[PDB]
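Structure, as structure tokens:
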Ligand SMILES: CCCCCCCCCCCC(=O)O[C@@H](COC(=O)CCCCCCCCCC)COP(=O)(O)OC[C@H](O)CO[C@@]1(C(=O)O)C[C@H](O)[C@@H](O)[C@H]([C@@H](O)CO)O1
């Protein structure tokens, strides 16, 4: 058989396996996945609705939080789930077809599908409640989201390859992921951030991607000076190149 | 699979796009001189709303109509026939003309002090300097006329109303006409438009090196991906 | 066909040592000293004023000030004096935009908004020239902040003259007198906290610092190319 | 200006035309759809397209 057809076979096999293990069997995890964004909205909107109305009166808070959260949740999942991909499937790593790249690709596909479903559900719910839920510019939003996908998957593969040993180091991944929820422009607009903190704030590619996605979503949204797509695109490209090279070096050392 | 050999991959990923790009950037691209001026609007004896008008009047369509009817920008931007990307093709729509003009004239507002900088591109440095000067002059005239219209509309009521009543009527008429004739606000020129020597656009070697790095990275990524795919046997 | 050549020693000598020896022999011998003169000023209205200081911060790096300075002091001839340090000299016949970039890199302006001050640091190959350049910058800055309001005063005086031409009479005469007073008065004065000083030892060629950054950048380059070479070698199995 | 008379002219388009004899509320919604008013926060300029 060709490598391509056996590739579809093995990726379909690990995709259904990963759906089985993540969904709990009885399809109970969908409630958790659906409930985290709405719980985040319910916590988030009860203290800063008035502050946001003072800041940006033309933009509704819930749609702003949908566009700020769901891409960030998708990126966080793409990092976390793919980082710990090798250890979960360790017991079945000797079938001559179950190389780790297939496992990380299957996890990435599963997470992309799940979060895209959640995105569609959230947009439909927002439209059902009388909010604004059609992006004025669609395919630029799709391109920014694709850049986010490439960056997140690349970072996840890089961390999975680098930290095959010393799993304690995985901690300083997820513990470091929690500040990224606050520093990036997810829950509150970065318009209110004082400019003297602005330069270091520009070092976050996720902030650039979130701001560009929001700009492509809403009509007449202003971008800050220094926000661009070139920096996060180059970050994603370099990280993907580094991750692929590092996996190619240590390809044979991820079997036991 | 077996069709995507290494030689074909590098010929189609790093060689051919770079060859096309360097041909375009060295034999076809046209220089674009840039002239920069720095202004602010002051009230002669708060002001953020006054300078916020200029940020959208410069890109407004009426100013574009005035500029073209003055300096004939439509046939100037169509002069360089070698470059097919940064030239303005003849017979294009008015909206495309407005978009092209908005691309050429770039306005930055720095809000920590309300300083507005205008950078104007052109194909001749003298033309860019003249265009910047015309933009500044028309902006000053417009920000004058904005208050002039309100003052003269006040004066029309005063002349329509027209011996204590006569005295107050003539006093109001005098106040209205001194309002409609005065120089209400002036545009302070922190940095007058300059005449550039060389063209800073396009900085060819920067994009050549950056795009060479980009194709090198992309070809490496594709080669590693197809190697990992072909690993399965 | 190539990986049998670039071993560890060859790559180390190619990217970690030879550029580093070149950098050291350039910095310790070929580089030219640059003396720094520093002054500290602010603008207060006679009889906040942050906007005046920001106008000044823009005007220091402006093209017109550079034209006035070079004409007055012949900056181009001075900055082309040392032939020993080209990587920091102003080559003759360069464009006006590169001249602006060189002048902008040679003069540092620091805002301090907590206390409201402007710091001007000027680098020159001789200390007397640096001090003279700083003094010329200060005097032209004061003249500019004078003329900025002088222009508006004259602009109002033009309408005052128009009003006297129209004509009451004593009110017009008083307005014209006030207009010429405004056009002649020293409205704004630039007060100086630290006048420009005469340096003795050059400061900005901090050679050890650039060598320290060169260490880490050459190490990063060496690591990246070593990883690429290892990838190619693995591909050639 | 007879807006209802004008908006019923294009018979080729079946979704972006105003049909005849529709409800007054639907007419108001269609008019709100056509006229776009955007208010900008920083300066207060109102743009009508
Ligand atoms: C790239 C490095 C950057 C460092 C950032 C540090 C900032 C604080 C981080 C919080 C640190 C933290 O952990 O979160 C706290 C609560 O956070 C907050 O509210 C943050 C409030 C404000 C921050 C956001 C504002 C940002 C403003 C601008 C930046 C409880 O989280 P948690 O319940 O998950 O704690 C679980 C432990 O972390 C477990 O880790 C262990 C351990 O302690 O047992 C496990 C194991 O032993 C080993 O793997 C491991 C160790 O040994 C290996 O070094 O430590």
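Every residue, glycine among them, receives a Cβ derived from its backbone with ideal geometry; neighbour counts consider all protein chains shown. Read-outs throughout are calculated quantities, based only on the coordinates presented, and are distinct from any laboratory measurement.
Worth a mention:
- Hey, residue A:230 within 16 Å of the ligand (Cβ to nearest atom), more than 14 Å from chain D (Cβ to nearest Cβ) and over 18 Å from the mean Cα position of the chain (by Cα) or not: no
- Annotation for segment D:22-36: at least one member residue is more than 14 Å from every other protein chain (Cβ to nearest Cβ), farther than 26 Å from residue A:53 by Cα and assigned to a loop (DSSP other than H, G, I, E, B).
- Within segment A:168-196, considering residues that are within 14 Å of chain B (Cβ to nearest Cβ) and not in a loop (DSSP other than H, G, I, E, B), the one farthest from the ligand (Cβ to nearest atom): A:195
- Scanning segment A:150-164 for residues that are surrounded by fewer than 21 Cβ atoms within 10 Å (Cβ to Cβ) and away from the ligand (no atom under 14 Å from the Cβ) turns up A:150, A:162, A:164.
- Evaluating residue B:61 against the criteria (1) surrounded by 17 or more Cβ atoms within 10 Å (Cβ to Cβ); (2) within 14 Å of chain D (Cβ to nearest Cβ) leaves one unmet condition, (1).
- Condition check for residue A:145: away from the ligand (no atom under 13 Å from the Cβ), away from chain B (no Cβ under 14 Å) and assigned to a helix (DSSP H, G or I): yes
- Residue B:52 fulfils the conditions (1) crowded, with 16+ Cβ neighbours inside 10 Å; (2) not in a helix (DSSP H, G or I) except for a single criterion, (2).
- Members of segment B:183-195 found to be more than 7 Å from chain C (Cβ to nearest Cβ), part of a loop (DSSP other than H, G, I, E, B) and closer than 30 Å to residue B:150 by Cα, listed by number: B:184
- Residues of segment C:37-50 satisfying the condition of being within 14 Å of chain B (Cβ to nearest Cβ) and over 20 Å from the mean Cα position of the chain (by Cα): C:45, C:48, C:49, C:50
- Test result for residue C:96, farther than 19 Å from residue C:38 by Cβ and in contact with a helix residue (DSSP H, G or I) (Cβ under 9 Å, 6 or more places away or on another chain): yes
- Filter result for residue C:198 (assigned to a helix (DSSP H, G or I), away from every other protein chain (no Cβ under 14 Å) and surrounded by fewer than 18 Cβ atoms within 10 Å (Cβ to Cβ)): no
- Test for residue B:158: is it over 30 Å from residue C:56 (Cα atoms) and in a helix (DSSP H, G or I): yes
- Residue within segment B:80-88 that is surrounded by 14 or more Cβ atoms within 10 Å (Cβ to Cβ), on the phi < 0 side of the Ramachandran plot and more than 17 Å from the chain's Cα centre (by Cα) present: yes
- A single entry from A:23, A:82 fulfils the requirement of being within 28 Å of residue A:254 (Cα to Cα), surrounded by 20 or more Cβ atoms within 10 Å (Cβ to Cβ) and out of contact with any strand residue (DSSP E or B) (no Cβ under 7 Å at 6 or more places or on another chain): A:82.
- Selection status of residue B:75, out of contact with any strand residue (DSSP E or B) (no Cβ under 9 Å at 6 or more places or on another chain), in a helix (DSSP H, G or I), within 30 Å of residue C:116 (Cβ to Cβ) and away from chain C (no Cβ under 14 Å): no
- Candidates B:214, B:118: the one that is surrounded by 15 or more Cβ atoms within 10 Å (Cβ to Cβ), more than 12 Å from chain C (Cβ to nearest Cβ), out of contact with any strand residue (DSSP E or B) (no Cβ under 9 Å at 6 or more places or on another chain) and within 28 Å of residue A:227 (Cα to Cα) is B:214.
- The set of residues from segment A:197-210 being surrounded by 13 or more Cβ atoms within 10 Å (Cβ to Cβ) and away from the ligand (no atom under 11 Å from the Cβ) comprises A:198, A:202, A:205, A:206, A:207, A:208, A:209, A:210.
- A residue that is within 21 Å of residue A:205 (Cβ to Cβ), within 16 Å of the ligand (Cβ to nearest atom) and buried (at least 18 other Cβ atoms within 10 Å of the Cβ) cannot be found anywhere in segment A:105-122.
- Note on segment A:129-142: residues that are touching a helix residue (DSSP H, G or I) at 6+ places or on another chain (Cβ under 6 Å) and either outside any loop (DSSP other than H, G, I, E, B) or within 16 Å of the ligand (Cβ to nearest atom) (or both) amount to 2.
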